[PDB]
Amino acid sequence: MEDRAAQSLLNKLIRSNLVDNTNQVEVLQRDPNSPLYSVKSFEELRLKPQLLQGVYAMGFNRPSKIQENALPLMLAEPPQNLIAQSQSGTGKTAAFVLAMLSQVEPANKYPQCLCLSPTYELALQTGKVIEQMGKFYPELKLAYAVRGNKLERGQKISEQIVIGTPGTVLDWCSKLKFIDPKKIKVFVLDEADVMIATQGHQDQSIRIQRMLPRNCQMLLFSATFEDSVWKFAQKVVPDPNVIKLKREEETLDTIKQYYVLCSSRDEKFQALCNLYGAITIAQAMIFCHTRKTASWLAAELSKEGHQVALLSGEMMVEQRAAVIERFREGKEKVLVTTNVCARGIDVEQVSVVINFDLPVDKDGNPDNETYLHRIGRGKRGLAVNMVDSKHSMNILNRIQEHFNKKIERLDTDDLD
């Protein structure tokens, strides 16, 4: 099961800047003999003038934690292959786009750089960065090799850069002969953790990678390294330098955890209204299990005079992005959401979490990951868990068992 694409898109639509990470980058140089090399500025990388111009113009002062290690590896001569894993928002897309723009020679009117995205909508996000960093390349044009593109059989395309989805790209490189694969200098496999979702996407990617010149630079980027992601990368990127950055560790040290005992949904709703009655609820998210519950809760709250924003799956991703952004600006004080709609999403400016229903997995057990990632976000936070059965009480006790910190009982009416 992979809702992966949607989540990856939403995270991009709302991302405004680099996520802060304090762990150190792990580099496994292809040759264990050769030393490690890092940079601390773009100038140190002797970039093509107009490319450097584009980099500053889009607001980048210096390379990010991950770029410090990737850029030099990618700009090495002769071109080395790279597998880079790091959580989203750490500068992976800016990196390989910089890589592509370095190798691309606008003089030559054929595809020189090829990037595979898992979906057209994600392709457009990469496409956005390219148009922006390479805005001082006059003759640089972009092509989308996607199922939607209605290109009629004919001559080869003249765009120096192609982005697209495995299925369409393979055809363009073979059957429909829109691209000469042997002329590709740089091949990027983006969002590997998302592309493994379809068995089809894997096989197609591999079969494309095999048509490339053997000295083509292969770059594969990924947020996570599940065993499946790893064994796939090994099949796509031969002789790889490997960059790994450990995901930031969420911390419940600065957070107050409560739970309220209830007997029905109607009581959970009253506990919550009481909570509004006591403290001013703002910058808060309320998590429900089903879309049915979320829309009901939001309707009931509105009726009680509380304005809330709903975040459920019937909304297009762009709509969820607009809501989330209003929530960040403080235009919205409270966000009601289903679990799935918020899973993995890096919503910012959240001081208060209300688990209207407790987070569980497909089976029925405590979803410790999701809990920690919600609550964790030395800044003070509030977390309130609504328990409404002996069963959901068990879940809470098992959550309080996993972590070794107590969830203090909170009496509905007594909230001093």
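One-based numbering along the sequence shown.
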Taking residue 62 and residue 63 as adjacent modelled residues, how many residues of the deposited sequence between them have no coordinates (none, 1 to 3, 4 to 9, 10 or more)?
none
For the higher mean C-alpha B factor in the entry, choose 80-88 or 235-243.
235-243
Output the stretch having the higher mean C-alpha B factor in the entry; the candidates are 63-71 and 368-376.
368-376
Out of 121, 329, 300, 131, which shows the largest CA B-factor listed in the entry?
329
Among 18, 25, 10, 399, highest Cα B-factor in the entry goes to 399
Residue 51 by Cα B-factor - lowest, middle or highest third of the modelled chain:
lowest
Relative C-alpha B-factor of residue 149, binned into the chain's lowest, middle or highest third:
middle
Within this chain's modelled residues, let me know which third the CA B factor of residue 265 belongs to: lowest, middle or highest.
lowest
Lowest, middle or highest third - CA B-factor, residue 213:
lowest
Among the modelled residues of this chain, does the Cα B factor of residue 191 put it in the lowest, middle or highest third?
lowest
